[PDB]
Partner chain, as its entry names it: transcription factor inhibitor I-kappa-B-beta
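A lone chain, given as structure tokens: the form deposited without the partner chain.
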């Protein structure tokens, strides 16, 4: 919200086993102070990427973490958004669906 805005992603669905490469275009973030959060009832994990994975401050390339359930028979919706660890500011969520692999 406010400052944190996801402009586009390459995909918004993905295996519950994690490891899907995600291209996230956004407004200015600071590689040193940024994270990509996945949230749902009883669960929360971050996408994996390095400061190096943040492109010109307006793009993040990371891998989705595995969902809390690897034995998913159907899709589970989860909120994916930018988190600034220092102040916990969150971007507006974007629906992500972990599906059965």
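Residue numbers count along the first chain shown, from 1.
Beyond the structure shown, there is the form solved in complex with the partner chain, which is absent from this document and is the topic of what follows.
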query	finding
Proximity of residue 12 to the partner chain in the bound PDB entry, heavy atoms at 4.5 Å	yes
Full three-residue contact with the partner chain in the bound PDB entry, heavy atom 4.5 Å, for 16, 78 and 84	no
Residues in 76-101 close to the partner chain in the bound PDB entry, defined by a heavy atom within 4.5 Å, in order	94, 95, 97, 99
